[PDB]
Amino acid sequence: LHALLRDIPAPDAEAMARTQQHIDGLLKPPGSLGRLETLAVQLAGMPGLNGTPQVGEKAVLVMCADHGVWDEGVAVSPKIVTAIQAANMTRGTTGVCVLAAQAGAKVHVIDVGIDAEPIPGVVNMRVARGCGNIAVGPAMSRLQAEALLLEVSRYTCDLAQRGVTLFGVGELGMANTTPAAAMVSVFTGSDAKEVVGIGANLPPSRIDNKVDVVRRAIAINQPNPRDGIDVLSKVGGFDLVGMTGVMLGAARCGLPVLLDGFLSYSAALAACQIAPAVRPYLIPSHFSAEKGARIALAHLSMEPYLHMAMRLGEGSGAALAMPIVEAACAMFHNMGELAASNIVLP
């Protein structure tokens, strides 16, 4: 793990310089394609991409798990939905499933701790049957967090070996916006009220309780903000841990990862805390409708491309942005050149 972290590659400045010059010479006013140009340069710098913006196979990894905090009344969805939806992921009837198919991406469903019997067809990496109730203690042990990080990381890099060049990250876990808010609060130093949202349609009345739960979780566990693994283990969840693991894995592999929504921002903060070297590999997708989104994104210094007021999760936002990534590549490779048209600008 320290090995893993040690070996994350830095971005290739040389490839990026070559990319930039190439972009500048395309059939358009310089810088006219804005963020699409910056994206292309970013990709070019990723070692697993072979010095150029390109997209081979795509995969969306969905981390599923239950949370003990559900018992605190922080979520209106029945606990069982996690298990139900996880099975549905195998049938391709879910939101991320539908959106991934549209993008030509494959969905990988991973059970990191669903509180139900095992689901056939789902990748089994179950830590336990749901994590500890963060309100009265830690979600899990540091050892448990570390091992899962390690395990997911490896699975991720392994896909790389099979042609995957672009990852998307997602989750499924009733009550998960609670640990996400706790993490955000801790990493950003924001007060709970500021970052706690309605999650999946939590009634306006029930909010106060959700805020109290987050505060309690923090007070009781005393997570250390300067220690990402400490935070994850104390006030996070298996699903959150798994997402962080994808990010660590893609970076080590020198490949890009598309973030999703709120839950993913939490995991990204953790990952960046654990290894800043991870940052350059992250790509935002959309701007989650969760209340704490703005704060979390500010701390990641990220500006999403899509404003869809989405708040479903599952990696649906990630899938939706994949075409944008492919667009930047298309632009890079298929546009003509100014010089070829004898076009001279100032």
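The first residue of the sequence shown is number 1, and the count goes up from there.
Quiz prompt | Greater mean Cα temperature factor according to the PDB record, 72-80 or 255-263 | solution = Looking at the record's C-alpha B-factors, the answer is 72-80.
Practice problem: For the higher mean C-alpha B factor in the entry, choose 275-283 or 313-321. | Solution: The stretch with the larger mean CA B-factor is 275-283.
Self-check item: C-alpha B-factor winner, where the candidates are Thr177, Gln161, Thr165, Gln102
Solution: Of the options given, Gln161 has the highest CA B-factor in the PDB entry.
Quiz item: What's the residue among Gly249, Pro223, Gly237, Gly199 with the greatest CA temperature factor in the PDB record?
Solution: Result of the comparison over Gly249, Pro223, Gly237, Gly199: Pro223.
Self-check item: Within-chain third of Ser32 by Cα B-factor, per the entry
Solution: It falls in the middle third of the chain.
Self-check item: Entry-reported Cα temperature factor of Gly132, expressed as the chain third it lands in
Solution: According to the entry, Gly132 has a C-alpha B-factor in the chain's middle third.
Quiz item: For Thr19, does the deposited CA B-factor place it in the lowest, middle or highest third of the chain?
Solution: It falls in the top third of the chain.
Quiz item: If you rank the chain by CA B-factor, which third does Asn124 end up in: lowest, middle or highest?
Solution: Answer is lowest: the recorded C-alpha B-factor places it there.
Quiz item: Taking the entry's C-alpha B-factors for this chain, is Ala40 in the lowest, middle or highest third?
Solution: Middle third.
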